[PDB]
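Okay, so here's the structure we're looking at.
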Amino acid sequence: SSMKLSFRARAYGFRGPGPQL
């Protein structure tokens, strides 16, 4: 899982838009 940008996201911090997904 890394920096694609069409995600929920899941695990990182600041999520949906969520780097590093």
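Chain labels follow the order of the structure tokens: the first chain is A, the next B, and so on; residue numbering restarts at 1 in every chain, and ligands are counted from 1 in their shown order.
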Find the spatial neighbours of residue 7 (chain A), counting only C-alpha atoms, within a cut-off of 10 Å - ignore same-chain residues fewer than 3 positions away - and output them as a PyMOL selection string. chain A and resi 3-4+10+15-21
